[PDB]
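Report on the following structure.
As a convention, Cβ positions derive from the backbone with ideal geometry for all residues, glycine included, and neighbour counts pool all protein chains shown. What is reported rests on the model, the rules as stated and the sources as named; these are not laboratory values.
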There are 2 protein chains.
Amino acid sequence: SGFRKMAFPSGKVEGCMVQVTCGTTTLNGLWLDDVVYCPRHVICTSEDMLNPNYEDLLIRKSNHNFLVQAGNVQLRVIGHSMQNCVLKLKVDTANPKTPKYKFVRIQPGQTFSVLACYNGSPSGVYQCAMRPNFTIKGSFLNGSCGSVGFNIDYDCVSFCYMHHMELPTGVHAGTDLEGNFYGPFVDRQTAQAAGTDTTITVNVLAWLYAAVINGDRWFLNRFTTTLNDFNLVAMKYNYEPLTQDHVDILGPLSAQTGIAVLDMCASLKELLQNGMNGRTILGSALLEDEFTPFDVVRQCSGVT
Amino acid sequence: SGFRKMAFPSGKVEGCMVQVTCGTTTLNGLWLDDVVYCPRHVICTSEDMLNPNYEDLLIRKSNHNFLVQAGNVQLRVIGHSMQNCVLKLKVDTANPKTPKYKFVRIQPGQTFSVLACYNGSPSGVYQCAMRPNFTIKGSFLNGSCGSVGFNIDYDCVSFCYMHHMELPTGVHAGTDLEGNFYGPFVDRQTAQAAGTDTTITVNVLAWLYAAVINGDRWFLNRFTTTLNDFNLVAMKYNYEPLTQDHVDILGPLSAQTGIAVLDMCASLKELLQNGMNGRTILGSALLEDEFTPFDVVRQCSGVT
Ligand SMILES: *CC(=O)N1CCN(S(=O)(=O)c2ccccc2C#N)CC1
Ligand SMILES: *CC(=O)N1CCN(S(=O)(=O)c2ccccc2C#N)CC1
């Protein structure tokens, strides 16, 4: 029993973190096989960052300008290329700790673990969600860029995020491991505003199911609703529209608890309209939306 | 910027987790050097658990009854002893991945990371606090016993918790790595009620400092208070008394922000008396008390 914001065990990813230095900029890189992946802004001066031309800046960089350090051992860079907003540094040594891995581009609402790193050294691990506005709400100081987000399916690490940027509102933007930003963000120090940070409805429902399973049941009511009725109330409270796809995904939690998805929608509707009245659900005074249905099943079933 | 509930990187601890089986009970063990540490209740039948006599139950157990598996490789048990509520299983092989380590007994209010495990395999990592009533609020299913809590100082893992028990109220009890329970709990299936779960005041203050540092400032007010005045309001709201020791510990966060500790106490007093009025602080609608002042400095400074 009990339900916690839980990150994946980070050891498989700790084994992949290196330091990348170009001139005076130090950040983190991800070493898989004989390639080190890092943010292309490693090549910029903070001045360059106002209006960088990365192809032009890269011309002035040689393999020997990219200093790659794994622990206190230097790696030999034998190649470099730009793919979108990441650099791929070919090194002469395969990472001996390379886990089974995939590069995946996640959808908004999908959760992942972040291993926050500085100078290629892990400082901590936390659970994030790709927000509907394609930001994440992370914890990232100067030097944390190239820190990665990931899921684990048993022994295969799926890398979904690399950290590149803090917006002036203190929320975070980054790329998949092909260097494509999530959302409309660019690696330039310019006016970039996030859109509406809507609540991930299907994740809130998952978390209400988690609460019921762990004995927090006070919010269950005598009502039901329809997808269309629920969605009227969702729109009004800046919740994402609930689709039949989301309902289908909640099916197993529905089955385990014997609470119809639409009944739990009606509970959530009353919570939105009435508030918590100073009560808590799983130790929170607001409706948590950074657990996927898959997360709730994983934690409630004990997958490794 | 941004402030997250952050666990230590877990790789050093992943490298220590094994499976322990005695008859039909499977749980987790911690392999450091040539010793495997696990809950003594591994030797019980669920029937034994009503009124177990551990010394008597242990007499019927030989070294070869303790099945210890690290990955899919069996370890040879060459000795076993009981220390308080843990078993120490001497094995013929030193754990080659043994990190630098310490056993520490933490005080209530101290935070730590838990690596939740099943069958000696990591499922996830989360941040906990030793509650003032010597429970933790964890996420632990059957098979999670012998999962450990730890802090890391650079390269030295300080083990502070091993998981043993869920109380009928779904909160958790366990031991230090010398097998001494935190609080008054016993490894027996009996009426055990937790005392008052009071709020860790010094941790809330730390977290308010974290909020100010990350730009959440709306709760700062024009007031100050005294330790005695604050403590009257603390008592009334089931907050731990604030001591000059706690004030001294908040000194560095005081200095960084230029907010006198007692001024921040006065902010916290107004929050307790007035509530949040539907506002949030660092994404929470309630006052977070599972960050120590040390945690806030670590995360805000980026220690590895
Ligand atoms: C996340 C991270 O480590 N960084 C992003 C923010 N910068 S920076 O804006 O200070 C900067 C300085 C010099 C050159 C490039 C950049 C960028 N971007 C620090 C690195
Ligand atoms: C945490 C954990 O893995 N366990 C504690 C709860 N038990 S149990 O109560 O089901 C039990 C069954 C058989 C023998 C001993 C115990 C105990 N305690 C499962 C293990």
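Structure values in brief
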{"item": "Selection count, the stretch A:41-79, where residues are under 27 Å from the mean Cα position of the chain (by Cα), among the small types (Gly, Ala, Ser) and not in a strand (DSSP E or B)", "result": "2"}
{"item": "Single residue of A:250, A:286 found to be touching a residue at least 12 places away in the same chain (Cβ under 8 Å) and among the hydrophobic types (A, V, I, L, M, F, W, C)", "result": "A:250"}
{"item": "Qualifying positions in the stretch B:5-40 - more than 9 Å from chain A (Cβ to nearest Cβ), of a type outside the set (A, V, I, L, M, F, W, C) and not in a strand (DSSP E or B)", "result": "B:23, B:24, B:33, B:34, B:40"}
{"item": "Residue list for the stretch B:98-119, filter: under 23 Å from residue B:73 (Cβ atoms) and surrounded by 24 or more Cβ atoms within 10 Å (Cβ to Cβ)", "result": "B:115, B:116, B:117"}
{"item": "Test for residue A:281: is it β-branched (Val, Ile, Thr), closer than 30 Å to residue B:144 by Cα, more than 14 Å from chain B (Cβ to nearest Cβ) and surrounded by 15 or more Cβ atoms within 10 Å (Cβ to Cβ)", "result": "no"}
{"item": "Residue in the stretch A:48-64 that is more than 16 Å from ligand 2 (Cβ to nearest atom), crowded, with 19+ Cβ neighbours inside 10 Å, among the hydrophobic types (A, V, I, L, M, F, W, C) and away from every other protein chain (no Cβ under 14 Å) present", "result": "no"}
{"item": "Residue A:172 being in contact with a helix residue (DSSP H, G or I) (Cβ under 8 Å, 6 or more places away or on another chain), within 13 Å of ligand 1 (Cβ to nearest atom), closer than 28 Å to residue A:4 by Cα and not acidic (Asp, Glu)", "result": "no"}
{"item": "Test result for residue A:177, in a loop (DSSP other than H, G, I, E, B), buried (at least 16 other Cβ atoms within 10 Å of the Cβ) and under 17 Å from the mean Cα position of the chain (by Cα)", "result": "yes"}
{"item": "Residue check for residue B:151: more than 16 Å from ligand 2 (Cβ to nearest atom) and in contact (Cβ under 8 Å) with a residue 12 or more places away in the chain", "result": "yes"}
{"item": "Scope the stretch B:22-47; condition hydroxyl-bearing (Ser, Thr, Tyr) and surrounded by fewer than 23 Cβ atoms within 10 Å (Cβ to Cβ); matching residues", "result": "B:24, B:25, B:26, B:45, B:46"}
{"item": "Test result for residue B:68, away from ligand 1 (no atom under 16 Å from the Cβ), touching a strand residue (DSSP E or B) at 6+ places or on another chain (Cβ under 9 Å), farther than 26 Å from residue A:156 by Cα and more than 14 Å from chain A (Cβ to nearest Cβ)", "result": "no"}
{"item": "Lone qualifier among A:140, A:223 - being within 16 Å of the chain's Cα centre (by Cα) and not hydroxyl-bearing (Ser, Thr, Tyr)", "result": "A:140"}
{"item": "Filter result for the condition that a residue is more than 21 Å from residue A:103 (Cβ to Cβ) and either in contact with a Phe, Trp or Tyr (Cβ under 7 Å, 6 or more places away or on another chain) or away from every other protein chain (no Cβ under 14 Å) (or both), over A:169, A:190", "result": "A:190"}
{"item": "Selected residue (criterion: nearest to ligand 1 (Cβ to nearest atom)) from residues of the stretch A:90-124 that are more than 15 Å from residue A:28 (Cα to Cα) and within 10 Å of another protein chain (Cβ to nearest Cβ)", "result": "A:113"}
{"item": "Residues of the stretch A:255-278 satisfying the condition of being within 30 Å of residue A:155 (Cβ to Cβ) and either touching a residue at least 40 places away in the same chain (Cβ under 8 Å) or within 11 Å of another protein chain (Cβ to nearest Cβ) (or both)", "result": "A:256"}
{"item": "Residue under evaluation residue A:95, criteria (1) in the same structural domain as residue A:21 (by CATH); (2) within 22 Å of residue A:175 (Cβ to Cβ); (3) in a strand (DSSP E or B), criterion not met", "result": "(3)"}
{"item": "Search result, residues across the stretch B:284-293 that are more than 9 Å from every other protein chain (Cβ to nearest Cβ) and either over 16 Å from residue B:4 (Cβ atoms) or charged (D, E, K, R) (or both)", "result": "B:287, B:288, B:289, B:290, B:293"}
{"item": "Unique match (being in contact with a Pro (Cβ under 6 Å, 6 or more places away or on another chain) and either among the hydroxyl-bearing types (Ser, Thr, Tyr) or not assigned by CATH to the domain that holds residue A:2 (or both)) among A:292, A:198", "result": "A:198"}
{"item": "Looking only at the stretch A:12-22, and only at residues there that are under 19 Å from residue A:140 (Cα atoms) and not acidic (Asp, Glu), the one that is nearest to the chain's Cα centre (by Cα)", "result": "A:13"}
{"item": "Enumeration of residues in the stretch A:129-140 that are within 12 Å of ligand 1 (Cβ to nearest atom) and more than 20 Å from residue A:40 (Cβ to Cβ)", "result": "A:139"}
{"item": "Restricting the stretch B:156-165 to residues that are more than 16 Å from ligand 2 (Cβ to nearest atom) and touching a residue at least 60 places away in the same chain (Cβ under 8 Å), the residue that is nearest to the other protein chains (Cβ to nearest Cβ)", "result": "B:157"}
{"item": "Test for residue B:141: is it within 15 Å of ligand 2 (Cβ to nearest atom) and within 20 Å of residue B:86 (Cα to Cα)", "result": "yes"}
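Each row is one residue, and each column tells you yes or no for (1) touching a residue at least 60 places away in the same chain (Cβ under 8 Å); (2) outside the structural domain of residue A:174 (by CATH); (3) away from ligand 1 (no atom under 15 Å from the Cβ); (4) farther than 17 Å from residue A:143 by Cβ.
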residue	(1), (2), (3), (4)
A:7	yes, no, yes, yes
A:10	yes, no, yes, yes
A:24	no, yes, no, no
A:39	yes, yes, no, no
A:47	no, yes, no, yes
